[PDB]
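Novice: Here you go, this is protein-v2.tsv (TSV, C-alpha atoms).
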chain	number	residue	atom	x	y	z
A	148	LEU	CA	19.77	-47.57	-47.83
A	149	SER	CA	17.25	-45.67	-49.98
A	150	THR	CA	14.30	-48.04	-49.58
A	151	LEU	CA	15.09	-48.58	-45.90
A	152	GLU	CA	15.21	-44.86	-45.09
A	153	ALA	CA	12.02	-44.45	-47.13
A	154	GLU	CA	10.22	-47.12	-45.10
A	155	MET	CA	11.54	-45.60	-41.88
A	156	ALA	CA	10.27	-42.12	-42.77
A	157	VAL	CA	6.74	-43.37	-43.48
A	158	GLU	CA	6.81	-45.36	-40.24
A	159	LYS	CA	7.98	-42.35	-38.23
A	160	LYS	CA	5.33	-40.27	-40.01
A	161	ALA	CA	2.52	-42.76	-39.34
A	162	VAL	CA	3.36	-42.34	-35.66
A	163	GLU	CA	3.27	-38.56	-36.07
A	164	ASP	CA	-0.09	-38.50	-37.88
A	165	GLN	CA	-1.53	-40.60	-35.05
A	166	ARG	CA	-0.19	-38.34	-32.30
A	167	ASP	CA	-1.82	-35.37	-34.04
A	168	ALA	CA	-5.11	-37.21	-34.64
A	169	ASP	CA	-5.22	-38.40	-31.03
A	170	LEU	CA	-4.21	-35.03	-29.58
A	171	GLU	CA	-6.93	-33.11	-31.41
A	172	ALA	CA	-9.62	-35.59	-30.31
A	173	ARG	CA	-8.68	-35.24	-26.64
A	174	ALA	CA	-8.73	-31.45	-27.06
A	175	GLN	CA	-12.22	-31.40	-28.57
A	176	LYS	CA	-13.40	-33.71	-25.78
A	177	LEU	CA	-12.13	-31.16	-23.26
A	178	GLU	CA	-13.85	-28.36	-25.19
A	179	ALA	CA	-17.11	-30.31	-25.04
A	180	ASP	CA	-16.72	-31.00	-21.32
A	181	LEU	CA	-15.80	-27.43	-20.35
A	182	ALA	CA	-18.96	-26.52	-22.28
A	183	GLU	CA	-21.24	-28.52	-19.99
A	184	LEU	CA	-19.30	-27.04	-17.06
A	185	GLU	CA	-20.36	-23.53	-18.11
A	186	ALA	CA	-23.87	-24.72	-18.99
A	187	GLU	CA	-24.49	-25.61	-15.35
A	188	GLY	CA	-23.47	-23.18	-12.67
A	189	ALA	CA	-19.98	-24.41	-11.83
A	190	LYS	CA	-17.41	-23.17	-9.34
A	191	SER	CA	-14.46	-21.48	-11.04
A	192	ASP	CA	-11.83	-23.64	-9.35
A	193	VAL	CA	-13.78	-26.71	-10.46
A	194	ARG	CA	-13.74	-25.56	-14.09
A	195	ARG	CA	-9.96	-25.07	-13.91
A	196	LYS	CA	-9.22	-28.46	-12.33
A	197	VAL	CA	-11.04	-29.96	-15.33
A	198	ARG	CA	-8.66	-28.13	-17.67
A	199	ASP	CA	-5.64	-28.95	-15.49
A	200	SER	CA	-6.54	-32.64	-15.56
A	201	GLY	CA	-7.33	-32.43	-19.27
A	202	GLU	CA	-4.09	-30.62	-20.09
A	203	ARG	CA	-2.05	-33.22	-18.21
A	204	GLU	CA	-3.69	-36.14	-20.02
A	205	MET	CA	-2.59	-34.50	-23.28
A	206	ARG	CA	1.06	-34.20	-22.25
A	207	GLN	CA	0.94	-37.94	-21.57
A	208	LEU	CA	-0.31	-38.69	-25.08
A	209	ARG	CA	2.40	-36.53	-26.66
A	210	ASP	CA	5.18	-37.86	-24.42
A	211	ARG	CA	4.25	-41.44	-25.34
A	212	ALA	CA	4.34	-40.55	-29.03
A	213	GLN	CA	7.70	-38.85	-28.46
A	214	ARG	CA	9.07	-41.98	-26.77
A	215	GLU	CA	8.22	-44.03	-29.86
A	216	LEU	CA	9.68	-41.38	-32.16
A	217	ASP	CA	12.94	-41.54	-30.20
A	218	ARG	CA	12.89	-45.34	-30.11
A	219	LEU	CA	12.46	-45.29	-33.89
A	220	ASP	CA	15.27	-42.75	-34.35
A	221	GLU	CA	17.51	-44.86	-32.10
A	222	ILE	CA	16.80	-47.90	-34.28
A	223	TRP	CA	17.63	-46.06	-37.50
A	224	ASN	CA	20.73	-44.28	-36.19
A	225	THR	CA	22.10	-47.49	-34.67
A	226	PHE	CA	21.59	-49.47	-37.88
A	227	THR	CA	23.12	-46.83	-40.17
A	228	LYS	CA	26.31	-46.35	-38.12
A	229	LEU	CA	26.40	-50.08	-37.30
A	230	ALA	CA	29.92	-51.52	-37.26
A	231	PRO	CA	31.49	-54.73	-35.94
A	232	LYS	CA	32.79	-54.61	-32.35
A	233	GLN	CA	29.91	-52.31	-31.34
A	234	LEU	CA	28.06	-53.22	-28.14
A	235	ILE	CA	24.26	-53.33	-27.87
A	236	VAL	CA	22.89	-53.57	-24.32
A	237	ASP	CA	19.20	-52.93	-25.02
A	238	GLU	CA	18.19	-56.32	-26.48
A	239	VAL	CA	14.72	-54.95	-27.08
A	240	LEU	CA	16.49	-52.57	-29.43
A	241	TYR	CA	18.71	-55.46	-30.52
A	242	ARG	CA	15.62	-57.55	-31.22
A	243	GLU	CA	14.24	-54.73	-33.38
A	244	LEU	CA	17.56	-54.49	-35.23
B	221	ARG	CA	30.19	-43.69	-1.97
B	222	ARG	CA	28.88	-40.52	-3.67
B	223	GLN	CA	25.93	-40.24	-1.26
B	224	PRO	CA	24.96	-36.86	0.24
B	225	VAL	CA	23.62	-37.05	3.78
B	226	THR	CA	20.78	-34.71	2.77
B	227	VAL	CA	19.26	-36.89	0.03
B	228	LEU	CA	18.21	-39.49	2.60
B	229	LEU	CA	16.86	-37.03	5.19
B	230	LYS	CA	14.26	-36.26	2.52
B	231	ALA	CA	13.80	-39.98	1.77
B	232	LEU	CA	11.89	-40.32	5.06
B	233	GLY	CA	9.36	-37.77	3.79
B	234	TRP	CA	10.62	-34.67	5.63
B	235	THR	CA	10.20	-31.55	3.49
B	236	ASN	CA	13.08	-29.12	2.96
B	237	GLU	CA	11.71	-26.42	5.29
B	238	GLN	CA	12.13	-28.99	8.05
B	239	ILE	CA	15.77	-29.20	6.97
B	240	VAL	CA	16.05	-25.41	7.20
B	241	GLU	CA	14.14	-25.71	10.48
B	242	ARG	CA	16.16	-28.55	12.01
B	243	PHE	CA	19.53	-27.80	10.39
B	244	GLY	CA	19.51	-24.26	11.73
B	245	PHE	CA	22.99	-23.16	12.77
B	246	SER	CA	24.56	-25.76	10.45
B	247	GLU	CA	25.92	-23.99	7.36
B	248	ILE	CA	27.01	-27.07	5.42
B	249	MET	CA	23.63	-28.53	6.36
B	250	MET	CA	21.98	-25.90	4.15
B	251	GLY	CA	24.68	-25.90	1.47
B	252	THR	CA	24.36	-29.66	1.05
B	253	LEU	CA	20.63	-29.39	0.40
B	254	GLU	CA	21.34	-26.27	-1.66
B	255	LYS	CA	23.83	-28.20	-3.80
B	256	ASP	CA	21.79	-31.42	-3.91
B	257	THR	CA	19.62	-31.63	-7.03
B	258	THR	CA	17.09	-34.16	-5.69
B	259	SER	CA	13.55	-32.74	-5.95
B	260	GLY	CA	10.94	-34.65	-3.97
B	261	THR	CA	11.06	-37.35	-1.31
B	262	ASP	CA	10.25	-40.22	-3.68
B	263	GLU	CA	12.87	-39.13	-6.23
B	264	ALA	CA	15.57	-39.24	-3.55
B	265	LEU	CA	14.52	-42.78	-2.62
B	266	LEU	CA	15.14	-43.59	-6.30
B	267	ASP	CA	18.66	-42.16	-6.26
B	268	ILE	CA	19.14	-44.30	-3.15
B	269	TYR	CA	17.48	-47.33	-4.77
B	270	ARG	CA	19.76	-47.61	-7.82
B	271	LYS	CA	22.93	-47.16	-5.75
B	272	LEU	CA	21.84	-49.75	-3.17
B	273	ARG	CA	20.21	-52.27	-5.56
B	274	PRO	CA	21.87	-51.76	-8.95
B	275	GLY	CA	20.47	-53.94	-11.72
B	276	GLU	CA	16.85	-54.10	-10.52
B	277	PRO	CA	14.20	-51.67	-11.84
B	278	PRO	CA	12.30	-50.49	-8.77
B	279	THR	CA	8.64	-50.19	-7.80
B	280	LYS	CA	6.94	-47.63	-5.56
B	281	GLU	CA	6.15	-50.57	-3.28
B	282	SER	CA	9.82	-51.62	-3.30
B	283	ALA	CA	11.25	-48.09	-3.24
B	284	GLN	CA	9.53	-47.23	0.05
B	285	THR	CA	9.90	-50.54	1.89
B	286	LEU	CA	13.62	-50.68	1.06
B	287	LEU	CA	14.56	-48.02	3.60
B	288	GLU	CA	11.92	-49.12	6.12
B	289	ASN	CA	12.98	-52.78	5.98
B	290	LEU	CA	16.72	-52.07	6.08
B	291	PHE	CA	16.92	-50.46	9.54
B	292	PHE	CA	13.60	-49.67	11.26
B	293	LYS	CA	12.25	-53.19	10.72
C	140	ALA	CA	3.08	-37.86	-9.27
C	141	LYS	CA	2.49	-37.09	-12.95
C	142	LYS	CA	6.08	-35.83	-13.16
C	143	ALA	CA	7.08	-38.46	-10.59
C	144	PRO	CA	5.82	-41.35	-12.72
C	145	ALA	CA	8.27	-40.12	-15.36
C	146	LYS	CA	10.96	-40.34	-12.67
C	147	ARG	CA	9.77	-43.87	-11.91
C	148	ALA	CA	10.91	-44.45	-15.51
C	149	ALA	CA	14.37	-44.70	-13.95
C	150	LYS	CA	13.36	-48.36	-13.87
C	151	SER	CA	14.54	-48.13	-17.48
C	152	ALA	CA	17.98	-47.07	-16.21
C	153	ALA	CA	18.01	-50.23	-14.09
C	154	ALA	CA	17.19	-52.58	-16.99
C	155	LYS	CA	20.38	-51.29	-18.67
C	156	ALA	CA	22.71	-52.34	-15.83
C	163	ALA	CA	27.18	-58.24	-10.29
C	164	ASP	CA	25.78	-61.60	-9.18
C	165	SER	CA	25.12	-64.33	-11.72
C	166	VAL	CA	21.74	-65.35	-10.28
C	167	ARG	CA	20.60	-61.73	-10.22
C	168	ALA	CA	21.50	-61.62	-13.92
C	169	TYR	CA	19.36	-64.68	-14.66
C	170	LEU	CA	16.40	-63.42	-12.62
C	171	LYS	CA	16.44	-60.12	-14.51
C	172	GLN	CA	15.87	-61.92	-17.81
C	173	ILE	CA	13.23	-64.40	-16.65
C	174	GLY	CA	11.42	-61.42	-15.12
C	175	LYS	CA	11.06	-59.80	-18.55
C	176	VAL	CA	8.56	-62.44	-19.70
C	177	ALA	CA	4.90	-62.43	-18.60
C	178	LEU	CA	2.90	-65.05	-16.72
C	179	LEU	CA	0.22	-66.82	-18.74
C	180	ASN	CA	-3.32	-67.36	-17.57
C	181	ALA	CA	-5.21	-70.63	-18.00
C	182	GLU	CA	-6.56	-69.72	-21.44
C	183	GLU	CA	-3.17	-68.95	-23.01
C	184	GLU	CA	-1.55	-72.11	-21.64
C	185	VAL	CA	-4.22	-74.07	-23.52
C	186	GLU	CA	-3.64	-71.91	-26.60
C	187	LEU	CA	0.11	-72.60	-26.60
Go through the file and emit its structure as structure tokens.
Specialist:
Amino acid sequence: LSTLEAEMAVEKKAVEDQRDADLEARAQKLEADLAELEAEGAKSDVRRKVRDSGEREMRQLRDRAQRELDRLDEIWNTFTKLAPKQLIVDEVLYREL
Amino acid sequence: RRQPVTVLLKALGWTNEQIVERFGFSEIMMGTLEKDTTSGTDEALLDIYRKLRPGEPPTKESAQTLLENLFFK
Amino acid sequence: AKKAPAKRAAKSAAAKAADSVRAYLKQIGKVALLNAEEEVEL
């Protein structure tokens, strides 16, 4: 159980590091692009729809990372409480187990 | 069973104000939409899709044509 | 439809749920069709 939990933590962390790395890159990109938008004369509602679209593309990146964090927690919880007579309907989960 | 008559009225694409507009004097017509938790016309088609076709994950192409093909067609 | 595409994830709720042929079609649908190059590869 020790070495397994240890390998699961690193795995779950590697996913976390990536989400952070990816989320800061998309934020800087939006900072660069809202910079060109102020450089040229740009309608105010146009500058906000760039942020709105940019903000939404970030929520996607985080949600996807959250999905994998939950899928990983489901794997680990299932395996630790695993007992005979339990029923596993996922089969993509089951394959990972 | 377990199907509110309001969830489908939105499945056609009619917005709620139309319900409040068409329902009018009907009190349970408003209370059924007031109690119903379905938000959006496409989300109601999904609550209708899993009850009608359980076991099949839907598609926006299949979610819309399901109601159209069932009766109007 | 950004919050609607997350509701279209109810397709996940369907993959977790009477007819025997429907059951078999669900599983064969989970695989992916090869193109000409992969068929040669395999």
Novice: Atom CA of residue A:154 and atom CA of residue A:222, how far apart in Å?
Specialist: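 Taking atom CA of residue A:222 and atom CA of residue A:154, their separation equals 12.7 Å.
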Novice: Could you list, as a list in words, every residue within 7 Å of residue B:283, counting only C-alpha atoms and ignoring same-chain residues fewer than 5 positions away?
Specialist: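 Once the nearby chain positions are removed, what remains is residues 265, 266, 269 and 278 of chain B.
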Novice: How many Å separate atom CA of residue C:145 from atom CA of residue A:211?
Specialist: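 Going from atom CA of residue C:145 over to atom CA of residue A:211, I get 10.8 Å.
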Novice: With a distance threshold of 12 Å and counting only C-alpha atoms, extract the residues of chain B near chain C and express them as a list in words.
Specialist: residues 258, 259, 260, 261, 262, 263, 264, 265, 266, 267, 268, 269, 270, 271, 272, 273, 274, 275, 276, 277, 278, 279, 280, 281, 282 and 283 of chain B
Novice: What does the structure give for the distance between atom CA of residue B:253 and atom CA of residue B:239, in Å to one decimal?
Specialist: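 Calculated distance between atom CA of residue B:253 and atom CA of residue B:239 is 8.2 Å.
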Novice: Taking only C-alpha atoms into account, which residues of chain A are within 12 Å of chain C, as a PDB file with C-alpha atoms, in the coordinates of the input?
Specialist:
ATOM      1  CA  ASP A 199      -5.640 -28.950 -15.490  1.00  0.00           C
ATOM      2  CA  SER A 200      -6.540 -32.640 -15.560  1.00  0.00           C
ATOM      3  CA  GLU A 202      -4.090 -30.620 -20.090  1.00  0.00           C
ATOM      4  CA  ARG A 203      -2.050 -33.220 -18.210  1.00  0.00           C
ATOM      5  CA  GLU A 204      -3.690 -36.140 -20.020  1.00  0.00           C
ATOM      6  CA  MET A 205      -2.590 -34.500 -23.280  1.00  0.00           C
ATOM      7  CA  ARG A 206       1.060 -34.200 -22.250  1.00  0.00           C
ATOM      8  CA  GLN A 207       0.940 -37.940 -21.570  1.00  0.00           C
ATOM      9  CA  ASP A 210       5.180 -37.860 -24.420  1.00  0.00           C
ATOM     10  CA  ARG A 211       4.250 -41.440 -25.340  1.00  0.00           C
ATOM     11  CA  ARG A 214       9.070 -41.980 -26.770  1.00  0.00           C
ATOM     12  CA  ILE A 235      24.260 -53.330 -27.870  1.00  0.00           C
ATOM     13  CA  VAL A 236      22.890 -53.570 -24.320  1.00  0.00           C
ATOM     14  CA  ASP A 237      19.200 -52.930 -25.020  1.00  0.00           C
ATOM     15  CA  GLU A 238      18.190 -56.320 -26.480  1.00  0.00           C
ATOM     16  CA  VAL A 239      14.720 -54.950 -27.080  1.00  0.00           C
ATOM     17  CA  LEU A 240      16.490 -52.570 -29.430  1.00  0.00           C
TER      18      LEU A 240
END
Novice: Per residue of stretch 192-238 of chain A within 8 Å of stretch 165-171 of chain A, which atom pair is closest and at what distance in Å (one decimal), using all atoms listed in the file, listed by chain and increasing number, as a Markdown table?
Specialist:
| residue | atom | partner | partner_atom | distance |
| --- | --- | --- | --- | --- |
| A:205 | CA | A:170 | CA | 6.5 |
| A:208 | CA | A:170 | CA | 7.0 |
| A:209 | CA | A:166 | CA | 6.5 |
| A:212 | CA | A:166 | CA | 6.0 |
Novice: Those same residues - C-alpha atoms - I'd like them written as a PDB file, in the frame of the given file.
Specialist:
ATOM      1  CA  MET A 205      -2.590 -34.500 -23.280  1.00  0.00           C
ATOM      2  CA  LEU A 208      -0.310 -38.690 -25.080  1.00  0.00           C
ATOM      3  CA  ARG A 209       2.400 -36.530 -26.660  1.00  0.00           C
ATOM      4  CA  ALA A 212       4.340 -40.550 -29.030  1.00  0.00           C
TER       5      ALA A 212
END
Novice: Padding of 8 Å on every side, edges along x, y and z, all listed atoms of stretch 256-272 of chain B included: what centre and edge lengths in Å, to one decimal, does that box have, as JSON?
Specialist:
{"center_x": 16.6, "center_y": -40.6, "center_z": -4.6, "size_x": 28.7, "size_y": 34.3, "size_z": 22.5}
Novice: Could you give me stretch 154-181 of chain A completed to N, CA and C atoms, formatted as a PDB file, keeping the file's coordinate frame?
Specialist:
ATOM      1  N   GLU A 154      11.171 -46.414 -45.950  1.00  0.00           N
ATOM      2  CA  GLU A 154      10.220 -47.120 -45.100  1.00  0.00           C
ATOM      3  C   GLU A 154      10.273 -46.630 -43.666  1.00  0.00           C
ATOM      4  N   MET A 155      11.438 -46.153 -43.223  1.00  0.00           N
ATOM      5  CA  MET A 155      11.540 -45.600 -41.880  1.00  0.00           C
ATOM      6  C   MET A 155      10.813 -44.268 -41.772  1.00  0.00           C
ATOM      7  N   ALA A 156      10.966 -43.407 -42.780  1.00  0.00           N
ATOM      8  CA  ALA A 156      10.270 -42.120 -42.770  1.00  0.00           C
ATOM      9  C   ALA A 156       8.766 -42.315 -42.646  1.00  0.00           C
ATOM     10  N   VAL A 157       8.184 -43.132 -43.526  1.00  0.00           N
ATOM     11  CA  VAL A 157       6.740 -43.370 -43.480  1.00  0.00           C
ATOM     12  C   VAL A 157       6.340 -43.882 -42.102  1.00  0.00           C
ATOM     13  N   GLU A 158       7.095 -44.846 -41.572  1.00  0.00           N
ATOM     14  CA  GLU A 158       6.810 -45.360 -40.240  1.00  0.00           C
ATOM     15  C   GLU A 158       6.821 -44.239 -39.207  1.00  0.00           C
ATOM     16  N   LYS A 159       7.906 -43.461 -39.169  1.00  0.00           N
ATOM     17  CA  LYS A 159       7.980 -42.350 -38.230  1.00  0.00           C
ATOM     18  C   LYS A 159       6.869 -41.335 -38.472  1.00  0.00           C
ATOM     19  N   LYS A 160       6.430 -41.180 -39.724  1.00  0.00           N
ATOM     20  CA  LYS A 160       5.330 -40.270 -40.010  1.00  0.00           C
ATOM     21  C   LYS A 160       4.000 -40.842 -39.527  1.00  0.00           C
ATOM     22  N   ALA A 161       3.755 -42.126 -39.804  1.00  0.00           N
ATOM     23  CA  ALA A 161       2.520 -42.760 -39.340  1.00  0.00           C
ATOM     24  C   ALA A 161       2.338 -42.564 -37.845  1.00  0.00           C
ATOM     25  N   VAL A 162       3.434 -42.621 -37.086  1.00  0.00           N
ATOM     26  CA  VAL A 162       3.360 -42.340 -35.660  1.00  0.00           C
ATOM     27  C   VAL A 162       3.008 -40.882 -35.416  1.00  0.00           C
ATOM     28  N   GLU A 163       3.545 -39.981 -36.244  1.00  0.00           N
ATOM     29  CA  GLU A 163       3.270 -38.560 -36.070  1.00  0.00           C
ATOM     30  C   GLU A 163       1.816 -38.233 -36.399  1.00  0.00           C
ATOM     31  N   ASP A 164       1.322 -38.705 -37.547  1.00  0.00           N
ATOM     32  CA  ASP A 164      -0.090 -38.500 -37.880  1.00  0.00           C
ATOM     33  C   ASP A 164      -0.987 -38.926 -36.732  1.00  0.00           C
ATOM     34  N   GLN A 165      -0.708 -40.092 -36.144  1.00  0.00           N
ATOM     35  CA  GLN A 165      -1.530 -40.600 -35.050  1.00  0.00           C
ATOM     36  C   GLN A 165      -1.496 -39.669 -33.851  1.00  0.00           C
ATOM     37  N   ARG A 166      -0.296 -39.254 -33.434  1.00  0.00           N
ATOM     38  CA  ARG A 166      -0.190 -38.340 -32.300  1.00  0.00           C
ATOM     39  C   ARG A 166      -1.036 -37.091 -32.523  1.00  0.00           C
ATOM     40  N   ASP A 167      -1.003 -36.539 -33.737  1.00  0.00           N
ATOM     41  CA  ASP A 167      -1.820 -35.370 -34.040  1.00  0.00           C
ATOM     42  C   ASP A 167      -3.305 -35.720 -33.978  1.00  0.00           C
ATOM     43  N   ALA A 168      -3.706 -36.795 -34.660  1.00  0.00           N
ATOM     44  CA  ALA A 168      -5.110 -37.210 -34.640  1.00  0.00           C
ATOM     45  C   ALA A 168      -5.596 -37.422 -33.217  1.00  0.00           C
ATOM     46  N   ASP A 169      -4.812 -38.137 -32.406  1.00  0.00           N
ATOM     47  CA  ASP A 169      -5.220 -38.400 -31.030  1.00  0.00           C
ATOM     48  C   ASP A 169      -5.267 -37.125 -30.207  1.00  0.00           C
ATOM     49  N   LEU A 170      -4.297 -36.230 -30.408  1.00  0.00           N
ATOM     50  CA  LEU A 170      -4.210 -35.030 -29.580  1.00  0.00           C
ATOM     51  C   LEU A 170      -5.331 -34.044 -29.868  1.00  0.00           C
ATOM     52  N   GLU A 171      -5.820 -33.998 -31.107  1.00  0.00           N
ATOM     53  CA  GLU A 171      -6.930 -33.110 -31.410  1.00  0.00           C
ATOM     54  C   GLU A 171      -8.257 -33.665 -30.899  1.00  0.00           C
ATOM     55  N   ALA A 172      -8.399 -34.992 -30.853  1.00  0.00           N
ATOM     56  CA  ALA A 172      -9.620 -35.590 -30.310  1.00  0.00           C
ATOM     57  C   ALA A 172      -9.739 -35.329 -28.816  1.00  0.00           C
ATOM     58  N   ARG A 173      -8.645 -35.507 -28.071  1.00  0.00           N
ATOM     59  CA  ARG A 173      -8.680 -35.240 -26.640  1.00  0.00           C
ATOM     60  C   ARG A 173      -8.920 -33.761 -26.352  1.00  0.00           C
ATOM     61  N   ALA A 174      -8.490 -32.877 -27.257  1.00  0.00           N
ATOM     62  CA  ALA A 174      -8.730 -31.450 -27.060  1.00  0.00           C
ATOM     63  C   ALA A 174     -10.194 -31.101 -27.283  1.00  0.00           C
ATOM     64  N   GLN A 175     -10.803 -31.644 -28.339  1.00  0.00           N
ATOM     65  CA  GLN A 175     -12.220 -31.400 -28.570  1.00  0.00           C
ATOM     66  C   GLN A 175     -13.064 -31.963 -27.431  1.00  0.00           C
ATOM     67  N   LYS A 176     -12.712 -33.154 -26.942  1.00  0.00           N
ATOM     68  CA  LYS A 176     -13.400 -33.710 -25.780  1.00  0.00           C
ATOM     69  C   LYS A 176     -13.382 -32.727 -24.618  1.00  0.00           C
ATOM     70  N   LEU A 177     -12.219 -32.129 -24.346  1.00  0.00           N
ATOM     71  CA  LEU A 177     -12.130 -31.160 -23.260  1.00  0.00           C
ATOM     72  C   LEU A 177     -12.935 -29.903 -23.560  1.00  0.00           C
ATOM     73  N   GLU A 178     -12.997 -29.491 -24.828  1.00  0.00           N
ATOM     74  CA  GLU A 178     -13.850 -28.360 -25.190  1.00  0.00           C
ATOM     75  C   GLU A 178     -15.315 -28.687 -24.949  1.00  0.00           C
ATOM     76  N   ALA A 179     -15.731 -29.911 -25.282  1.00  0.00           N
ATOM     77  CA  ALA A 179     -17.110 -30.310 -25.040  1.00  0.00           C
ATOM     78  C   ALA A 179     -17.420 -30.348 -23.549  1.00  0.00           C
ATOM     79  N   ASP A 180     -16.467 -30.814 -22.740  1.00  0.00           N
ATOM     80  CA  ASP A 180     -16.720 -31.000 -21.320  1.00  0.00           C
ATOM     81  C   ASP A 180     -16.685 -29.674 -20.560  1.00  0.00           C
ATOM     82  N   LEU A 181     -15.759 -28.778 -20.910  1.00  0.00           N
ATOM     83  CA  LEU A 181     -15.800 -27.430 -20.350  1.00  0.00           C
ATOM     84  C   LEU A 181     -17.034 -26.668 -20.804  1.00  0.00           C
TER      85      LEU A 181
END
